[PDB]
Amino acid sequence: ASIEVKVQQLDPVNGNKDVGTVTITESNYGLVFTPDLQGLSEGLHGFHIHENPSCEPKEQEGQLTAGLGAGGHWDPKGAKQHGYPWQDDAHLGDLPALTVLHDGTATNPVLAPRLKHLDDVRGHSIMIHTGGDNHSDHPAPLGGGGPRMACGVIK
């Protein structure tokens, strides 16, 4: 019982490019996201499930902004605030930060305790940001993830 999500680096100009996958499985403590990515910059990267099952760009202030088609952080319970994966009054789509090693790969799995069944995340997207995630809207909103760097649609 799993969902393999194809993830691509976002490039509204020359076209998105494959960088691997993220496999979602169920554990007795929540959904587990196991990455198998490469070609990314080393460090911690914001990692959240977004509203729409789309990784396409959107016009914003005359510019084609990468990944805006995915909408905001998935928040079906209306928490209206960014937080920790283990915080109840935070976007349900807030996952633990992704770790990209010196060699540009990410294979360390992370758990989202608030997510319980695979079908619950189908029909949405998974987003990887250029920046990190301090799990707060302070001092930077949405954890300070910044630009949408990679994305995949959850089938």
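All residue numbers are counted from 1 along the displayed sequence.
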{"property": "Mean C-alpha temperature factor, higher of 58-66 and 99-107", "result": "58-66"}
{"property": "Between 117-125 and 36-44 (mean CA B-factor, as deposited), the higher", "result": "117-125"}
{"property": "Lowest, middle or highest third - CA B-factor, residue 141", "result": "highest"}
{"property": "Chain thirds of CA B-factor: placement of residue 7", "result": "lowest"}
